[PDB]
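Colleague: Here it is: the structure, laid out below.
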Amino acid sequence: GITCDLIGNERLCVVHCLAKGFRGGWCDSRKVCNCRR
């Protein structure tokens with residue numbers, strides 16, 4: 001599902017975090033979607 005083509009600029013991932021109710025999300029250096037920030 002959540003994929004990181006962009007790192008950090010990956011709003012398509014960030015929106016998932018925001019949809020869940022997270023402060024936000026970001027793709028880290030591992031190209032993994034993380035939600036918290």
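Within each chain, counting starts at residue 1; across the structure tokens, chains are named A, B, ... in the order shown, with ligands numbered 1 upward in that order.
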Near segment 17-25 of chain A, counting only C-alpha atoms, which residues have an atom at most 9 Å away, once you skip same-chain residues fewer than 6 positions from it, shown as a list in words?

Modeller: residues 8, 10, 11, 33, 34, 35, 36 and 37 of chain A

Colleague: Could you write out the selected residues, including N, CA, C and O atoms, as a PDB file, in the first residue's frame?

Modeller:
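Listed below is the output, part_39.pdb:
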ATOM      1  N   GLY A   8      10.121  11.795   2.124  1.00  0.00           N
ATOM      2  CA  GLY A   8       9.733  12.993   2.862  1.00  0.00           C
ATOM      3  C   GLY A   8       8.702  13.822   2.105  1.00  0.00           C
ATOM      4  O   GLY A   8       7.726  14.274   2.671  1.00  0.00           O
ATOM      5  N   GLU A  10       6.754  12.745   0.069  1.00  0.00           N
ATOM      6  CA  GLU A  10       5.828  11.728  -0.268  1.00  0.00           C
ATOM      7  C   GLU A  10       4.480  11.973   0.434  1.00  0.00           C
ATOM      8  O   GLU A  10       4.089  11.267   1.372  1.00  0.00           O
ATOM      9  N   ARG A  11       3.799  13.003  -0.027  1.00  0.00           N
ATOM     10  CA  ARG A  11       2.509  13.441   0.518  1.00  0.00           C
ATOM     11  C   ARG A  11       1.457  12.345   0.400  1.00  0.00           C
ATOM     12  O   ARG A  11       0.562  12.239   1.244  1.00  0.00           O
ATOM     13  N   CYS A  33       7.450   4.106   4.983  1.00  0.00           N
ATOM     14  CA  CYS A  33       6.469   5.028   5.481  1.00  0.00           C
ATOM     15  C   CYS A  33       6.362   4.928   6.989  1.00  0.00           C
ATOM     16  O   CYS A  33       6.078   3.850   7.536  1.00  0.00           O
ATOM     17  N   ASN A  34       6.592   6.019   7.661  1.00  0.00           N
ATOM     18  CA  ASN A  34       6.486   6.062   9.096  1.00  0.00           C
ATOM     19  C   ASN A  34       5.522   7.167   9.443  1.00  0.00           C
ATOM     20  O   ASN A  34       5.537   8.211   8.810  1.00  0.00           O
ATOM     21  N   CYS A  35       4.651   6.931  10.374  1.00  0.00           N
ATOM     22  CA  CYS A  35       3.725   7.960  10.814  1.00  0.00           C
ATOM     23  C   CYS A  35       4.009   8.293  12.261  1.00  0.00           C
ATOM     24  O   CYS A  35       4.114   7.374  13.071  1.00  0.00           O
ATOM     25  N   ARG A  36       4.147   9.598  12.581  1.00  0.00           N
ATOM     26  CA  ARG A  36       4.391  10.078  13.954  1.00  0.00           C
ATOM     27  C   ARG A  36       4.684  11.575  13.933  1.00  0.00           C
ATOM     28  O   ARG A  36       4.222  12.320  14.783  1.00  0.00           O
ATOM     29  N   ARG A  37       5.428  11.999  12.938  1.00  0.00           N
ATOM     30  CA  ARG A  37       5.900  13.360  12.851  1.00  0.00           C
ATOM     31  C   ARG A  37       5.190  14.070  11.732  1.00  0.00           C
ATOM     32  O   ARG A  37       4.285  14.867  12.017  1.00  0.00           O
TER      33      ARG A  37
END

Colleague: Taking only chain A into account, list the residues labelled alpha helix (DSSP H) by DSSP (computed from the backbone), as a PyMOL selection string.

Modeller: chain A and resi 11-20

Colleague: Please save C-alpha atoms of the selected residues as a PDB file, in the first residue's frame.

Modeller:
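As a result, selection23.pdb now contains:
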ATOM      1  CA  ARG A  11       2.509  13.441   0.518  1.00  0.00           C
ATOM      2  CA  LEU A  12       0.675  10.403  -0.837  1.00  0.00           C
ATOM      3  CA  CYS A  13       2.089   8.558   2.124  1.00  0.00           C
ATOM      4  CA  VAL A  14       1.725  11.498   4.618  1.00  0.00           C
ATOM      5  CA  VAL A  15      -2.032  11.708   3.879  1.00  0.00           C
ATOM      6  CA  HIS A  16      -2.415   8.116   5.124  1.00  0.00           C
ATOM      7  CA  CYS A  17      -0.938   9.099   8.435  1.00  0.00           C
ATOM      8  CA  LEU A  18      -3.189  12.160   8.574  1.00  0.00           C
ATOM      9  CA  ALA A  19      -6.199  10.013   7.670  1.00  0.00           C
ATOM     10  CA  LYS A  20      -5.439   7.689  10.564  1.00  0.00           C
TER      11      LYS A  20
END

Colleague: If DSSP is run on the backbone, what residues of chain A are strand (DSSP E)? A reply as an mmCIF file with N, CA and C atoms, in the first residue's frame would be ideal.

Modeller:
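To be explicit, this is the file written out as selection-v9.cif:
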data_model
loop_
_atom_site.group_PDB
_atom_site.id
_atom_site.type_symbol
_atom_site.label_atom_id
_atom_site.label_comp_id
_atom_site.auth_asym_id
_atom_site.auth_seq_id
_atom_site.Cartn_x
_atom_site.Cartn_y
_atom_site.Cartn_z
ATOM 1 N N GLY A 25 3.334 12.060 8.654
ATOM 2 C CA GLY A 25 4.091 10.925 8.282
ATOM 3 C C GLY A 25 5.210 11.319 7.403
ATOM 4 N N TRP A 26 6.145 10.440 7.235
ATOM 5 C CA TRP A 26 7.292 10.708 6.436
ATOM 6 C C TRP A 26 7.916 9.400 6.021
ATOM 7 N N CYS A 27 8.578 9.419 4.925
ATOM 8 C CA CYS A 27 9.331 8.289 4.504
ATOM 9 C C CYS A 27 10.741 8.506 4.926
ATOM 10 N N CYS A 33 7.450 4.106 4.983
ATOM 11 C CA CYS A 33 6.469 5.028 5.481
ATOM 12 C C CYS A 33 6.362 4.928 6.989
ATOM 13 N N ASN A 34 6.592 6.019 7.661
ATOM 14 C CA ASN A 34 6.486 6.062 9.096
ATOM 15 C C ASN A 34 5.522 7.167 9.443
ATOM 16 N N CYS A 35 4.651 6.931 10.374
ATOM 17 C CA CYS A 35 3.725 7.960 10.814
ATOM 18 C C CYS A 35 4.009 8.293 12.261
#
